[PDB]
4 protein chains.
Amino acid sequence: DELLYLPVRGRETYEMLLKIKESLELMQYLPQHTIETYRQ
Amino acid sequence: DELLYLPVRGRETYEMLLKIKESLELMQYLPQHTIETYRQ
Amino acid sequence: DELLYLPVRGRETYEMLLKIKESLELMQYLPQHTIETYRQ
Amino acid sequence: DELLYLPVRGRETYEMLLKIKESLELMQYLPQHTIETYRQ
């Protein structure tokens with residue numbers, strides 16, 4: 001599952017894309033059930 | 001802390017913005033320490 | 001092409017998701033060629 | 001205005017973050033007036 005590199009001009013954007021990236025990656029630390037109970 | 005409504009034209013976009021929204025909200029279920037240990 | 005509604009808790013998030021949504025929608029105002037010349 | 005580098009694990013994510021990044025950068029090719037007329 002590839003390690004790819006995204007160049008970002010602008011710290012404001014970079015920090016936003018970073019935010020999004022992390023929160024997406026950090027979701028695998030939650031049980032599938034929690035993520036499901038959060039939706040309903 | 002306001003409840004706001006974002007109208008989305010397109011299911012492909014909506015599902016992306018949804019994805020991002022959830023993963024951002026679902027991060028409060030993780031310890032601040034986990035989020036920190038994930039960064040380093 | 002559906003009009004869907006995304007509820008957002010938090011103005012900081014809403015404004016981010018809004019930003020992303022707009023910039024994605026506003027890209028249809030550019031020529032496909034511009035978007036392509038921007039990539040290369 | 002810094003050039004920063006965001007490493008992404010996963011092509012699906014990378015392509016999403018790329019999408020967002022581009023559409024945000026590609027908005028400077030539109031007149032401020034267009035972006036404003038799009039909002040109202």
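When reading the values below, keep in mind they use all heavy atoms of this one structure, side chains included, and skip hydrogens, waters and symmetry mates. Convention: sequence-line order gives letters A, B, ...; per-chain numbering from 1.
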Between OG of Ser23(C) and CG of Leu26(D), what distance do you get to the nearest 0.5 Å?
9.5 Å
Within the 4.5 Å heavy-atom criterion, are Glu22(D) and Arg39(C) side-chain neighbours or not?
yes
With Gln32(C) via side chain to side chain donor-acceptor pair (under 3.5 Å) - residues at least two apart:
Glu36(C)
Is there a donor-acceptor contact under 3.5 Å linking the side chains of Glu25(D) and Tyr38(C)?
yes
